[PDB]
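[1] quick one: initial chain(s) of a complex, as found there:
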Amino acid sequence: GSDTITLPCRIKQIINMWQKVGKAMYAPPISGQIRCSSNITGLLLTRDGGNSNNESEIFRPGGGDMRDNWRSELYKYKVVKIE
Amino acid sequence: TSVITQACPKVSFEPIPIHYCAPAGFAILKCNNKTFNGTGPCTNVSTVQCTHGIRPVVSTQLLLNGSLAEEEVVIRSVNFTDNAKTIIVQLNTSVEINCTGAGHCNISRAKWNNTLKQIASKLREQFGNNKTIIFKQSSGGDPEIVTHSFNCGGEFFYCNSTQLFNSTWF
């Protein structure tokens, strides 16, 4: 009928930075109605190895290099030197 | 080992579509090939003053609020052979993921299982004629890597996604 994929989620305050190799801590929430509605537009995967060209291929979620996030939008572009 | 104590403030982070235009004596060349696939000699192409409305969303394993493929699901990687390299996937249709600070994110079961078989219709083998495609979840590593981490309403969410990547197809 209306089967939805419920994913357990957690709000952390101490995080490993994505900018550079660091750690950061933010204040706890103040709002009691944090609400987001995003549109999955993609996926960033990775494949299991040691089974090259064989019958199965395992693919797991990935991410981490935020560059790979800009790359998905900028792929079709390029800067050429103009006179 | 630099520690910095700033007046940690409760602000609200909002994404402003960022347009990137031509930098100095350079020119931006947009490839118009509806299904341009990464590296290669783009046939249909043209100069532009600025790219397009790019929404800088920081998050893991799931690209959100961005550009979709206008034709079919297109994947891209530097080397589809080296298992160590990230494979980006551009989706055909958008999927929704509604989340709240109350600890959960729900996404339609049907909508997402469909995109999975679509992505499955072309994995590593390279749109391979056929073989078994398996979706498992993260092997391990940082919380931001092992879970769909993102900044929702200013706060940092770490959504457990074992349920999105745990299935088998052919």
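    Everything's here; your move. Residues are numbered from 1 along each chain as shown, chains lettered A, B, ... in the order given.
[2] separation between the most centrally placed residue in chain A and residue B:54?
    The geometric centre of chain A, computed from its C-alpha atoms, lies nearest to residue A:63 (CA atoms, centre = their mean), at 4.6 Å. From residue A:63 across to residue B:54, the span is 18 Å (CB to CB, to the nearest Å). In this view, the C-beta of every residue, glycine as well, is placed from N, C-alpha and C.
[3] do residue A:38 as well
    Counting by CB to CB, the separation of residue A:38 from residue B:54 is 16 Å.
[4] Look at those two and report which has more neighbours.
    Here residue A:38 and residue B:54 are compared on neighbour count by other CB atoms under 10 Å in any protein chain shown; more neighbours surround residue A:38, at 22 against 19.
[5] Helix, strand, or coil at the more buried one?
    The local conformation at residue A:38, judged by DSSP: H, G, I helix; E, B strand; the rest coil, is strand.
[6] ok, the residue nearest to the centre of chain A - contacts?
    Neighbour list for residue A:63: A:44, A:69, B:59-62, B:86, B:144-145 [criterion: CB atoms under 8 Å, 6 or more residues apart in numbering or on different chains].
[7] Same list (those) but as a markdown table, adding secondary structure, distance to residue A:82 and neighbour count.
    As requested, the contacts of residue A:63 are exported to a markdown table (DSSP: H, G, I helix; E, B strand; the rest coil; distance: CB to CB, whole Å; neighbours: other CB atoms under 10 Å in any protein chain shown):
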| residue | secondary structure | distance to residue A:82 | neighbour count |
| --- | --- | --- | --- |
| A:44 | strand | 33 | 22 |
| A:69 | helix | 28 | 23 |
| B:59 | strand | 35 | 23 |
| B:60 | coil | 37 | 28 |
| B:61 | coil | 38 | 28 |
| B:62 | coil | 37 | 24 |
| B:86 | coil | 32 | 18 |
| B:144 | helix | 39 | 22 |
| B:145 | helix | 40 | 18 |
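[8] extra chain here, label it chain C:
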Amino acid sequence: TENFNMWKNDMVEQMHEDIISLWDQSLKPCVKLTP
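    Placing chain C onto the earlier chains gives this:
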């Protein structure tokens, strides 16, 4: 026409630095980085 593009950039390195510098001005924490 008939040009070349790839898994390199345009604004990948640029944008990355704009966004890193955008986050800094916005979401301020209490940082800790290792030199």
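[9] which phi and psi does the residue nearest to the centre of chain A have?
    Main-chain dihedrals, residue A:63, degrees, to the nearest 10: phi 120, psi 180.
[10] Spit out the contact partners of the residue nearest to it when sequence neighbours are not counted.
    Closest residue in space to residue A:63, ignoring its immediate chain neighbours: residue B:60 at 3.5 Å, by CB to CB, 6 or more residues apart in numbering or on different chains. Residue B:60 makes contact with A:44, A:61-64, B:144-145, B:147-150, according to CB under 8 Å, 6+ apart.
[11] which of these sit farthest apart?
    Across these, the longest distance by CB to CB is 14.4 Å; it joins A:62 and B:150.
[12] Looking at the two now, which is surrounded by more residues?
    The neighbour count for residue A:62 versus residue B:150, taken as other CB under 10 Å, is higher for residue B:150 (25 against 21).
[13] Quickly find the element holding that one.
    Per DSSP states H and E, residue B:150 falls inside strand B:148-152.
[14] ok, then the element right after that strand?
    Proceeding N to C from strand B:148-152, the next assigned helix or strand is strand B:155-159, under DSSP H and E.
[15] and that following strand, does that touch chain C?
    No - Strand B:155-159 stays clear of chain C (CB under 8 Å from any CB of the partner chain), getting no nearer than 9.3 Å.
[16] which helices and strands does that strand pack with?
    For strand B:155-159, the packing partners by 3 or more CB pairs under 8 Å, 6 or more residues apart in numbering or on different chains; DSSP states H and E come out as strand A:4-11, strand B:148-152.
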